[PDB]
Amino acid sequence: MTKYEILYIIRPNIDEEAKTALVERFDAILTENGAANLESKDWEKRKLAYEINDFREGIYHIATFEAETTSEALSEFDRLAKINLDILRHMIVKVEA
Amino acid sequence: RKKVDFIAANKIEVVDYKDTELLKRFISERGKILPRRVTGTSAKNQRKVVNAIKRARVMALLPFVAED
Amino acid sequence: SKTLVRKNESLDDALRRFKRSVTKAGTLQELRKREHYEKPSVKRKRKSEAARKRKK
Amino acid sequence: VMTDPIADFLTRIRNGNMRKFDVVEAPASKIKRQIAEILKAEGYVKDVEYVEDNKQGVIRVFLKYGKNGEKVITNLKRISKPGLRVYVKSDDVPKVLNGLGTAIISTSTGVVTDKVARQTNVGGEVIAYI
Amino acid sequence: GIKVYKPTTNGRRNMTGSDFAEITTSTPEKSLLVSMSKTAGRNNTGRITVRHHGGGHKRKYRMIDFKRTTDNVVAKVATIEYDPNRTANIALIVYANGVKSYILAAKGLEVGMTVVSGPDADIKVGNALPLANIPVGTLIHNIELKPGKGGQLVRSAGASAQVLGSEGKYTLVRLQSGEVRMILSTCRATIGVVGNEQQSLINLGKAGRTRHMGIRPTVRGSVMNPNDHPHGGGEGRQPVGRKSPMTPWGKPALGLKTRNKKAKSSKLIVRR
Amino acid sequence: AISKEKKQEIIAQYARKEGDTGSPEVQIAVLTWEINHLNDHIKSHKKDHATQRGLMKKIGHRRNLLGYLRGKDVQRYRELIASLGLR
RNA sequence: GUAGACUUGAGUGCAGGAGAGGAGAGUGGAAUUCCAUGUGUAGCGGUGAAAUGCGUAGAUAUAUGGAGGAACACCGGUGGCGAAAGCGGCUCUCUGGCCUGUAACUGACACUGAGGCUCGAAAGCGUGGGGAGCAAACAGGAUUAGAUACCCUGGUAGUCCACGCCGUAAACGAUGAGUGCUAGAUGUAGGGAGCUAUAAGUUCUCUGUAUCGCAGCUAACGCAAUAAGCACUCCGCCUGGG
């Protein structure tokens with residue numbers, strides 16, 4: 001019932017054709033859980049100019065999805081977030097908690 | 001000369017992490033936080049900001065370690 | 001981030017920049033107090049009336 | 001706790017007179033109405049009034065002072081503690097302060113005074129002296 | 001997972017119990033045919049050739065999927081059975097084609113997980129991906145330097161394995177004890193975990209039940225003859241000061257390592 | 001320890017008077033609900049002894065509960081033993 | 001005691017927030033030490049100084065990447081939470097406990113608390129790991145009459161992780177639990193309400209935790225609204241010293 005938020009980053013040199021897949025298999029994770037939002041706005045670069053985890057600038061990705069209640073579907077994600085090589089950093093928080 | 005907590009200035013509640021430096025002038029020049037004494041903060045409302053600054057310091061949107 | 005350099009600094013001017021600003025760095029108190037390790041009940045002797053003596 | 005409003009109340013009177021102030025408080029019973037009744041009749045307070053609709057109605061009572069808010073009541077205490085319902089005889093009910101003190105006892109008739117408790121051969125529970 | 005026996009009698013004093021407690025019921029499958037074999041250590045030559053040994057049973061072994069070179073199928077686990085042989089347990093599997101394939105079991109699998117590789121699959125427990133597909137810092141086994149050739153290497157009864165890294169042709173992998181080989185990167189691999197863990201601490205009282213285990217007992221070298229052993233026998237249980245005691249064969253044993261650094265190896269190493 | 005739908009639902013079924021959200025029967029409802037909806041969390045890792053003390057004060061709230069609904073009231077629980085039927 | 005009634009105590013409802021509350025599941029950086037490593041020379045160590053020592057097998061130091069454990073400076077505070085013990089990188093999981101309002105509702109369900117039960121510092125003890133830095137044990141060098149000590153060089157147990165136990169700590173504030181009463185100057189939280197309006201900034205209310213001090217108060221010291229003041233119910237201790 002709650003909007004979540006997931007912020008991951010990918011190295012910038014990849015293409016848009018990579019980016020569509022690399023958001024839509026998280027559409028696949030939210031369609032196997034099913035607890036998906038309207039659309040995870042999962043690309044919003046603000047800007048990077050600092051090395052947390054050894055990159056000065058990649059491509060931000062901000063998911064921010066509604067889902068079901070406090071159940072398996074939320075914490076299901078990160079086990080399938082670690083698997084991608086392209087992740088630099090992800091983040092997962094509720095609306096205000 | 002008021003300049004306390006910035007809370008009445010960004011009144012209210014937003015965000016407190018999706019700024020870049022609008023909330024994050026709470027930074028020091030050395031990547032750490034402004035003092036709660038020099039800033040002179042309202043304690044748990046400072047906690048209402050800093051409880052997501054500690055995120056937003058080290059969320060790879062901000063240099064958490066710096067000098068000068 | 002680090003500019004390391006005051007605006008067209010000289011030798012004694014950068015010396016006063018590092019003395020003044022790097023004295024307000026806090027870069028020395030936690031080190032000299034981190035000469036040795038202490039008991040955590042002594043870490044709240046640190047977190048005691050030294051700071052309350054500073055403010056109040 | 002709530003289990004002694006009697007000595008809670010008399011102790012509160014010692015707060016009012018020892019703190020030399022106007023009004024003390026008491027929830028609504030009948031027994032406390034007899035307390036301020038009998039002792040007002042013996043000249044120690046100056047009001048008999050309580051909150052008009054409450055089973056915990058605040059019996060707020062102006063006191064009877066000396067000459068400068070001066071005390072009249074000094075050794076105020078409940079005799080029979082809640083751990084001890086004091087059950088004395090009727091025939092040799094003792095004097096208080098060699099006569100200089102009050103006495104109030106729930107006898108078989110009612111809750112009557114010192115010498116009325118003495119020579120009427122009525123006996124009950126000792127409550128309070130001064 | 002270890003129960004106890006109640007100390008009723010002597011010999012039954014400690015008797016650290018099993019807690020099998022987990023394994024599917026009984027009766028392993030009959031077309032799991034592997035013929036039984038006891039060399040009893042002794043060889044083609046057949047004098048003894050290999051030390052203290054012997055006394056088990058007709059240990060009817062069975063074909064596990066040593067290689068698992070199969071592909072992207074509903075590879076259904078059905079049962080996890082007891083192994084007489086090896087420390088971890090085991091599991092039945094049917095593919096689409098109706099076969100009776102069969103794998104080493106793990107810690108927390110269950111019937112119907114049907115886990116498989118193409119190497120299509122992701123990192124969940126029971127996939128035979130190669131480390132060219134597997135990412136960094138994972139917990140695998142069944143990696144053998146010959147591709148198309150199953151378990152000879154550190155697919156390990158006991159605990160499973162881990163992987164530090166990889167580069168180019170090979171893979172920077174620990175095994176245990178601070179050891180790293182660098183294995184050919186497109187050789188197969190089974191992400192997961194060993195079947196059993198606590199089967200390192202079971203203490204069992206009877207010498208004869210260790211004969212039911214099947215090793216005839218081991219002599220000390222001490223009271224043995226000068227004919228027998230370099231422990232030169234004589235008066236008493238005398239000490240041995242004879243420069244680092246050793247085998248009844250002819251090499252010192254404590255200390256020295258015997259690497260054979262002149263190998264088909266040693267460019268696949270760690271510091272130790 | 002439940003949402004408003006099963007909260008007010010269990011008030012709705014297990015209330016013997018409408019709007020009596022402080023009924024002893026609704027004390028049985030929420031409290032005798034989260035005894036077994038407390039056991040899920042003690043079996044969650046078997047470590048949170050503070051929640052075990054929550055079970056202490058809620059077992060004691062059950063103790064005042066049926067110690068009172070047997071204590072002063074008697075027969076509106078004697079007809080209502082089969083709410084859960086302890087002991 | 002028996003029957004009876006009401007909420008006006010308690011709790012349960014509906015709204016608020018809050019926190020290092022617990023327990024798991026993970027992630028990030030700085031920093032230490034080490035693997036190679038640029039390329040160069042005796043260095044570094046420590047104090048009042050050095051021997052300790054290491055190091056020319058030429059290195060520290062400086063160039064980088066890797067490895068691993070630990071812990072997470074300003075945040076951090078007479079701050080909060082938790083009965084305390086205690087709890088602070090970050091994110092989730094299910095998780096108590098209050099307070100503000102509220103009579104919506106039970107109609108005294110209250111307070112306790114021997115017994116019994118649970119939790120619980122700090123070490124250590126069991127099994128199995130993990131093994132950076134620190135450091136019992138011990139060694140070497142000063143030290144002096146002497147040094148089994150303070151200093152230095154090290155350096156084992158041990159510190160950390162799952163997994164069981166002791167039940168004893170200045171347990172402290174050497175101040176039991178419940179609730180009632182009340183001069184004020186005073187902190188700070190987070191609500192409730194007003195409040196100050198063309199953005200400002202004030203007043204009341206509750207639990208919090210100080211500091212001074214009315215009364216009261218003690219042998220004095222001091223306590224004093226989170227009473228060492230005035231009451232009552234549950235418990236407990238205490239009888240001159242060894």
# chains A, B, ... in the order shown; residues from 1 in each chain; ligands from 1

$ residues_around --residues "residue 163 (chain G)" --least-positions-apart "2" --cutoff "12 Å" --atoms "only C-alpha atoms (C1' of nucleotides)" --output "ChimeraX atom specification"
/G:126-129,161,165

$ residues_around --residues "residue 61 (chain A)" --least-positions-apart "2" --cutoff "8 Å" --atoms "only C-alpha atoms (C1' of nucleotides)" --output "ChimeraX atom specification"
/A:6-10,41-45,59,63

$ write_last_selection --atoms "N, CA and C atoms" --output "compact mmCIF listing (two decimals), in the first residue's frame"
# COMPACT_ATOMS: atom_id res chain seq x y z
N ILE A 6 13.91 3.08 -4.35
CA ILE A 6 15.14 2.35 -4.62
C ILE A 6 16.00 3.19 -5.54
N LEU A 7 17.21 3.52 -5.08
CA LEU A 7 18.15 4.33 -5.84
C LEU A 7 19.39 3.50 -6.13
N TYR A 8 19.55 3.07 -7.38
CA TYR A 8 20.78 2.42 -7.79
C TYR A 8 21.46 3.24 -8.86
N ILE A 9 22.74 2.96 -9.09
CA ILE A 9 23.54 3.69 -10.06
C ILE A 9 24.24 2.70 -10.99
N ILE A 10 24.29 3.03 -12.29
CA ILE A 10 25.02 2.27 -13.30
C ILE A 10 26.06 3.17 -13.95
N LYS A 41 10.07 5.31 -11.84
CA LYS A 41 10.82 6.37 -12.54
C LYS A 41 12.33 6.22 -12.32
N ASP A 42 12.83 5.08 -12.79
CA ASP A 42 14.06 4.48 -12.31
C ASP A 42 15.24 4.88 -13.18
N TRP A 43 15.39 6.17 -13.47
CA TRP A 43 16.55 6.62 -14.23
C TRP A 43 17.05 8.00 -13.84
N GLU A 44 16.49 8.64 -12.81
CA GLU A 44 16.62 10.08 -12.62
C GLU A 44 18.03 10.44 -12.16
N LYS A 45 18.89 10.79 -13.12
CA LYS A 45 20.17 11.37 -12.77
C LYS A 45 19.97 12.77 -12.22
N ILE A 59 25.22 6.67 -13.87
CA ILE A 59 23.85 7.05 -14.18
C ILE A 59 23.00 6.65 -12.98
N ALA A 63 13.91 4.25 -8.49
CA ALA A 63 12.75 3.42 -8.79
C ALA A 63 11.46 4.01 -8.22

$ interface_residues --of "chain D" --to "chain G" --cutoff "8 Å" --atoms "only C-alpha atoms (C1' of nucleotides)" --output "list in words"
residues 1, 2, 3, 4, 7, 8, 11, 12, 14, 15, 19, 54, 55, 56, 81 and 82 of chain D

$ write_last_selection --atoms "N, CA, C and O atoms" --output "compact mmCIF listing (two decimals), in the first residue's frame"
# COMPACT_ATOMS: atom_id res chain seq x y z
N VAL D 1 -1.73 5.76 47.86
CA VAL D 1 -2.75 5.51 46.86
C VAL D 1 -4.09 6.00 47.33
O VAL D 1 -4.21 6.74 48.31
N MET D 2 -5.12 5.57 46.60
CA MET D 2 -6.49 5.92 46.92
C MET D 2 -6.99 5.27 48.20
O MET D 2 -8.02 5.71 48.73
N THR D 3 -6.30 4.24 48.71
CA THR D 3 -6.79 3.46 49.85
C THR D 3 -6.80 4.21 51.16
O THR D 3 -7.23 3.57 52.12
N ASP D 4 -6.36 5.46 51.32
CA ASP D 4 -6.63 6.21 52.55
C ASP D 4 -6.89 7.67 52.19
O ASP D 4 -6.01 8.53 52.32
N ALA D 7 -6.62 9.87 56.02
CA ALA D 7 -5.35 10.47 56.37
C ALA D 7 -4.68 11.16 55.20
O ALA D 7 -3.80 12.00 55.41
N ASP D 8 -5.04 10.79 53.96
CA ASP D 8 -4.67 11.61 52.81
C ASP D 8 -5.29 12.99 52.94
O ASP D 8 -4.64 14.01 52.66
N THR D 11 -3.77 14.77 56.23
CA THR D 11 -2.43 15.16 55.79
C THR D 11 -2.50 16.35 54.85
O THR D 11 -1.68 17.28 54.95
N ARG D 12 -3.51 16.37 53.98
CA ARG D 12 -3.70 17.52 53.10
C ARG D 12 -4.12 18.76 53.87
O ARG D 12 -3.76 19.88 53.48
N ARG D 14 -2.96 19.34 56.83
CA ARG D 14 -1.66 19.78 57.33
C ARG D 14 -0.84 20.46 56.25
O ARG D 14 0.01 21.31 56.56
N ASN D 15 -1.07 20.12 54.98
CA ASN D 15 -0.48 20.91 53.91
C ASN D 15 -1.11 22.29 53.84
O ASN D 15 -0.42 23.28 53.57
N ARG D 19 1.24 24.82 55.34
CA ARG D 19 1.59 25.75 54.28
C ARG D 19 0.81 27.05 54.36
O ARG D 19 1.03 27.93 53.53
N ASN D 54 -20.66 14.86 41.49
CA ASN D 54 -19.58 13.90 41.31
C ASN D 54 -19.51 12.99 42.52
O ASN D 54 -19.56 13.45 43.66
N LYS D 55 -19.36 11.68 42.27
CA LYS D 55 -19.06 10.73 43.33
C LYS D 55 -17.62 10.85 43.82
O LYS D 55 -17.25 10.21 44.81
N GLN D 56 -16.82 11.66 43.13
CA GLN D 56 -15.49 12.12 43.52
C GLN D 56 -15.51 13.65 43.59
O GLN D 56 -14.63 14.35 43.08
N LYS D 81 -5.24 3.23 61.32
CA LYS D 81 -4.69 3.08 59.99
C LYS D 81 -5.55 2.11 59.17
O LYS D 81 -6.34 1.35 59.74
N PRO D 82 -5.45 2.15 57.84
CA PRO D 82 -6.16 1.14 57.03
C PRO D 82 -5.73 -0.29 57.30
O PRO D 82 -6.52 -1.21 57.08

$ residues_around --residues "residue 25 (chain A)" --least-positions-apart "5" --cutoff "12 Å" --atoms "only C-alpha atoms (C1' of nucleotides)" --output "ChimeraX atom specification"
/A:18-20,30-33,40,42,63,77,80-81,83-84

$ closest_atom_pairs --of "chain G" --to "chain A" --cutoff "8 Å" --atoms "only C-alpha atoms (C1' of nucleotides)" --output "JSON lines"
{"residue": "G:28", "atom": "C1'", "partner": "A:52", "partner_atom": "CA", "distance": 7.4}
{"residue": "G:29", "atom": "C1'", "partner": "A:52", "partner_atom": "CA", "distance": 6.8}
{"residue": "G:91", "atom": "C1'", "partner": "A:92", "partner_atom": "CA", "distance": 6.1}
{"residue": "G:92", "atom": "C1'", "partner": "A:75", "partner_atom": "CA", "distance": 6.3}
{"residue": "G:93", "atom": "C1'", "partner": "A:75", "partner_atom": "CA", "distance": 7.7}

$ residues_around --residues "region 248-253 of chain E" --least-positions-apart "2" --cutoff "9 Å" --atoms "only C-alpha atoms (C1' of nucleotides)" --output "PyMOL selection string"
chain E and resi 221+228-231+243-246+255-257

$ write_last_selection --atoms "N, CA, C and O atoms" --output "PDB file, in the first residue's frame"
ATOM      1  N   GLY E 221      53.556 -46.803  16.807  1.00  0.00           N
ATOM      2  CA  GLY E 221      54.825 -47.315  16.344  1.00  0.00           C
ATOM      3  C   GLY E 221      55.789 -47.697  17.433  1.00  0.00           C
ATOM      4  O   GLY E 221      56.865 -48.223  17.142  1.00  0.00           O
ATOM      5  N   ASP E 228      60.396 -53.583  12.966  1.00  0.00           N
ATOM      6  CA  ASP E 228      59.188 -52.948  12.463  1.00  0.00           C
ATOM      7  C   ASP E 228      59.423 -51.497  12.065  1.00  0.00           C
ATOM      8  O   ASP E 228      59.272 -51.132  10.897  1.00  0.00           O
ATOM      9  N   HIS E 229      59.805 -50.669  13.026  1.00  0.00           N
ATOM     10  CA  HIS E 229      59.608 -49.240  12.898  1.00  0.00           C
ATOM     11  C   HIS E 229      60.813 -48.506  13.456  1.00  0.00           C
ATOM     12  O   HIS E 229      61.476 -49.005  14.371  1.00  0.00           O
ATOM     13  N   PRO E 230      61.113 -47.309  12.935  1.00  0.00           N
ATOM     14  CA  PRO E 230      62.213 -46.505  13.493  1.00  0.00           C
ATOM     15  C   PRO E 230      62.031 -46.072  14.930  1.00  0.00           C
ATOM     16  O   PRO E 230      62.976 -45.535  15.517  1.00  0.00           O
ATOM     17  N   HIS E 231      60.871 -46.268  15.513  1.00  0.00           N
ATOM     18  CA  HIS E 231      60.753 -46.188  16.953  1.00  0.00           C
ATOM     19  C   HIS E 231      61.463 -47.411  17.498  1.00  0.00           C
ATOM     20  O   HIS E 231      60.898 -48.505  17.535  1.00  0.00           O
ATOM     21  N   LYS E 243      65.259 -37.851  16.125  1.00  0.00           N
ATOM     22  CA  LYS E 243      65.221 -36.824  15.083  1.00  0.00           C
ATOM     23  C   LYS E 243      63.936 -36.906  14.252  1.00  0.00           C
ATOM     24  O   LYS E 243      63.913 -37.438  13.139  1.00  0.00           O
ATOM     25  N   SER E 244      62.847 -36.464  14.894  1.00  0.00           N
ATOM     26  CA  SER E 244      61.566 -36.198  14.250  1.00  0.00           C
ATOM     27  C   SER E 244      60.928 -37.456  13.679  1.00  0.00           C
ATOM     28  O   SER E 244      61.132 -37.765  12.499  1.00  0.00           O
ATOM     29  N   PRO E 245      60.226 -38.242  14.524  1.00  0.00           N
ATOM     30  CA  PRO E 245      59.680 -39.551  14.121  1.00  0.00           C
ATOM     31  C   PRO E 245      58.819 -39.561  12.870  1.00  0.00           C
ATOM     32  O   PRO E 245      58.310 -38.524  12.438  1.00  0.00           O
ATOM     33  N   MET E 246      58.640 -40.741  12.293  1.00  0.00           N
ATOM     34  CA  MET E 246      58.310 -40.830  10.881  1.00  0.00           C
ATOM     35  C   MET E 246      57.548 -42.121  10.604  1.00  0.00           C
ATOM     36  O   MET E 246      57.181 -42.864  11.518  1.00  0.00           O
ATOM     37  N   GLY E 255      56.516 -31.789   9.678  1.00  0.00           N
ATOM     38  CA  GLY E 255      57.243 -30.666   9.140  1.00  0.00           C
ATOM     39  C   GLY E 255      57.165 -30.539   7.636  1.00  0.00           C
ATOM     40  O   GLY E 255      56.290 -29.839   7.116  1.00  0.00           O
ATOM     41  N   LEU E 256      58.141 -31.156   6.959  1.00  0.00           N
ATOM     42  CA  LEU E 256      58.350 -31.034   5.518  1.00  0.00           C
ATOM     43  C   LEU E 256      57.101 -31.371   4.712  1.00  0.00           C
ATOM     44  O   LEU E 256      56.224 -32.122   5.147  1.00  0.00           O
ATOM     45  N   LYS E 257      57.042 -30.803   3.514  1.00  0.00           N
ATOM     46  CA  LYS E 257      55.794 -30.540   2.815  1.00  0.00           C
ATOM     47  C   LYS E 257      55.565 -31.436   1.613  1.00  0.00           C
ATOM     48  O   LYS E 257      54.433 -31.876   1.393  1.00  0.00           O
TER      49      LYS E 257
END

$ interface_residues --of "chain G" --to "chain E" --cutoff "12 Å" --atoms "only C-alpha atoms (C1' of nucleotides)" --output "MDAnalysis selection string"
chainID G and resid 35:36 66:68 127:131

$ select_by_dssp --residues "region 14-62 of chain A" --states "strand (DSSP E)" --output "list in words"
residues 59, 60, 61 and 62 of chain A

$ write_last_selection --atoms "N, CA and C atoms" --output "PDB file, in the first residue's frame"
ATOM      1  N   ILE A  59      25.225   6.672 -13.872  1.00  0.00           N
ATOM      2  CA  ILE A  59      23.851   7.046 -14.179  1.00  0.00           C
ATOM      3  C   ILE A  59      23.005   6.646 -12.985  1.00  0.00           C
ATOM      4  N   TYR A  60      22.406   7.625 -12.314  1.00  0.00           N
ATOM      5  CA  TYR A  60      21.453   7.320 -11.263  1.00  0.00           C
ATOM      6  C   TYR A  60      20.229   6.611 -11.819  1.00  0.00           C
ATOM      7  N   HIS A  61      19.561   5.877 -10.936  1.00  0.00           N
ATOM      8  CA  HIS A  61      18.321   5.189 -11.273  1.00  0.00           C
ATOM      9  C   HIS A  61      17.455   5.199 -10.027  1.00  0.00           C
ATOM     10  N   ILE A  62      16.313   5.864 -10.093  1.00  0.00           N
ATOM     11  CA  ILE A  62      15.468   6.074  -8.928  1.00  0.00           C
ATOM     12  C   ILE A  62      14.150   5.360  -9.194  1.00  0.00           C
TER      13      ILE A  62
END

$ closest_atom_pairs --of "chain C" --to "chain G" --cutoff "9 Å" --atoms "only C-alpha atoms (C1' of nucleotides)" --output "Markdown table"
| residue | atom | partner | partner_atom | distance |
| --- | --- | --- | --- | --- |
| C:26 | CA | G:74 | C1' | 8.5 |
| C:30 | CA | G:73 | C1' | 7.2 |
| C:37 | CA | G:134 | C1' | 8.8 |
| C:47 | CA | G:76 | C1' | 8.5 |
| C:51 | CA | G:77 | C1' | 9.0 |
| C:52 | CA | G:78 | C1' | 8.6 |

$ interface_residues --of "chain B" --to "chain C" --cutoff "10 Å" --atoms "only C-alpha atoms" --output "ChimeraX atom specification"
/B:28-31,37,63,65-68

$ interface_residues --of "chain F" --to "chain G" --cutoff "10 Å" --atoms "only C-alpha atoms (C1' of nucleotides)" --output "PyMOL selection string"
chain F and resi 1+8+11+17-27+30+38+40-42+44-56+61+64-69+71-73

$ atom_distance --atom1 "CA of residue 131 (chain E)" --atom2 "CA of residue 268 (chain E)"
15.7 Å

$ select_by_dssp --residues "region 15-91 of chain A" --states "helix (DSSP H, G or I)" --output "list in words"
residues 16, 17, 18, 19, 20, 21, 22, 23, 24, 25, 26, 27, 28, 29, 30, 31, 32, 72, 73, 74, 75, 78, 79 and 80 of chain A

$ residues_around --residues "residue 139 (chain E)" --least-positions-apart "6" --cutoff "6 Å" --atoms "only C-alpha atoms (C1' of nucleotides)" --output "PyMOL selection string"
chain E and resi 161-162+191-192

$ atom_distance --atom1 "CA of residue 3 (chain B)" --atom2 "CA of residue 39 (chain B)"
7.5 Å

$ residues_around --residues "residue 73 (chain E)" --least-positions-apart "6" --cutoff "10 Å" --atoms "only C-alpha atoms (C1' of nucleotides)" --output "MDAnalysis selection string"
chainID E and resid 94:97 114:118

$ write_last_selection --atoms "N, CA and C atoms" --output "mmCIF file, in the first residue's frame"
data_model
loop_
_atom_site.group_PDB
_atom_site.id
_atom_site.type_symbol
_atom_site.label_atom_id
_atom_site.label_comp_id
_atom_site.auth_asym_id
_atom_site.auth_seq_id
_atom_site.Cartn_x
_atom_site.Cartn_y
_atom_site.Cartn_z
ATOM 1 N N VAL E 94 13.944 -35.679 -11.594
ATOM 2 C CA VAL E 94 13.422 -36.097 -12.889
ATOM 3 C C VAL E 94 13.470 -34.896 -13.819
ATOM 4 N N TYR E 95 13.891 -35.113 -15.058
ATOM 5 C CA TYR E 95 13.861 -34.036 -16.036
ATOM 6 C C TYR E 95 12.505 -34.034 -16.734
ATOM 7 N N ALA E 96 12.415 -33.317 -17.853
ATOM 8 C CA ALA E 96 11.231 -33.409 -18.693
ATOM 9 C C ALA E 96 11.102 -34.792 -19.309
ATOM 10 N N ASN E 97 12.218 -35.382 -19.739
ATOM 11 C CA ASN E 97 12.198 -36.629 -20.490
ATOM 12 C C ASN E 97 11.910 -37.859 -19.624
ATOM 13 N N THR E 114 13.311 -27.782 -8.385
ATOM 14 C CA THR E 114 13.572 -28.084 -9.802
ATOM 15 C C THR E 114 14.749 -27.297 -10.362
ATOM 16 N N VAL E 115 15.723 -27.006 -9.502
ATOM 17 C CA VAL E 115 16.754 -26.032 -9.815
ATOM 18 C C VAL E 115 17.719 -26.618 -10.840
ATOM 19 N N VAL E 116 18.210 -25.771 -11.736
ATOM 20 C CA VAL E 116 18.823 -26.253 -12.964
ATOM 21 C C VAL E 116 19.713 -25.144 -13.499
ATOM 22 N N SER E 117 20.592 -25.461 -14.440
ATOM 23 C CA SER E 117 21.288 -24.432 -15.191
ATOM 24 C C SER E 117 21.162 -24.647 -16.687
ATOM 25 N N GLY E 118 21.350 -23.550 -17.404
ATOM 26 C CA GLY E 118 21.587 -23.569 -18.820
ATOM 27 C C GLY E 118 23.015 -23.306 -19.269
#

$ atom_distance --atom1 "CA of residue 65 (chain A)" --atom2 "CA of residue 60 (chain B)"
20.6 Å

$ decode --residues "region 29-43 of chain B" --atoms "N, CA and C atoms" --output "short mmCIF file (atom, residue, chain, number, x, y, z; two decimals), in the first residue's frame"
data_model
loop_
_atom_site.label_atom_id
_atom_site.label_comp_id
_atom_site.auth_asym_id
_atom_site.auth_seq_id
_atom_site.Cartn_x
_atom_site.Cartn_y
_atom_site.Cartn_z
N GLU B 29 32.77 22.98 5.89
CA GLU B 29 33.68 23.04 4.76
C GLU B 29 34.53 21.78 4.62
N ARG B 30 34.54 20.91 5.63
CA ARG B 30 35.35 19.70 5.64
C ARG B 30 34.48 18.45 5.56
N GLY B 31 33.34 18.54 4.88
CA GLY B 31 32.49 17.39 4.64
C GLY B 31 31.73 16.86 5.84
N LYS B 32 31.83 17.50 6.99
CA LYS B 32 31.13 17.09 8.19
C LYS B 32 30.01 18.09 8.42
N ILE B 33 29.32 17.99 9.53
CA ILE B 33 28.10 18.77 9.72
C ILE B 33 28.43 20.08 10.41
N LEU B 34 27.60 21.10 10.16
CA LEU B 34 27.59 22.30 10.97
C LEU B 34 27.27 21.95 12.42
N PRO B 35 27.79 22.71 13.38
CA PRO B 35 27.52 22.41 14.79
C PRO B 35 26.07 22.69 15.17
N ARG B 36 25.61 21.91 16.15
CA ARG B 36 24.31 22.12 16.79
C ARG B 36 24.33 23.30 17.75
N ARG B 37 25.51 23.87 17.99
CA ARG B 37 25.73 24.99 18.88
C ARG B 37 25.99 26.28 18.12
N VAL B 38 26.86 26.22 17.11
CA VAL B 38 27.01 27.34 16.18
C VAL B 38 25.72 27.55 15.41
N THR B 39 25.17 26.46 14.86
CA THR B 39 23.81 26.51 14.36
C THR B 39 22.82 26.63 15.52
N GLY B 40 23.12 26.00 16.66
CA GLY B 40 22.34 26.13 17.87
C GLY B 40 20.95 25.54 17.76
N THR B 41 20.86 24.23 17.65
CA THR B 41 19.70 23.61 17.03
C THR B 41 18.60 23.26 18.02
N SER B 42 17.37 23.29 17.50
CA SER B 42 16.24 22.60 18.12
C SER B 42 16.48 21.11 18.01
N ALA B 43 16.64 20.45 19.16
CA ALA B 43 17.32 19.16 19.30
C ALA B 43 16.70 18.03 18.49
#
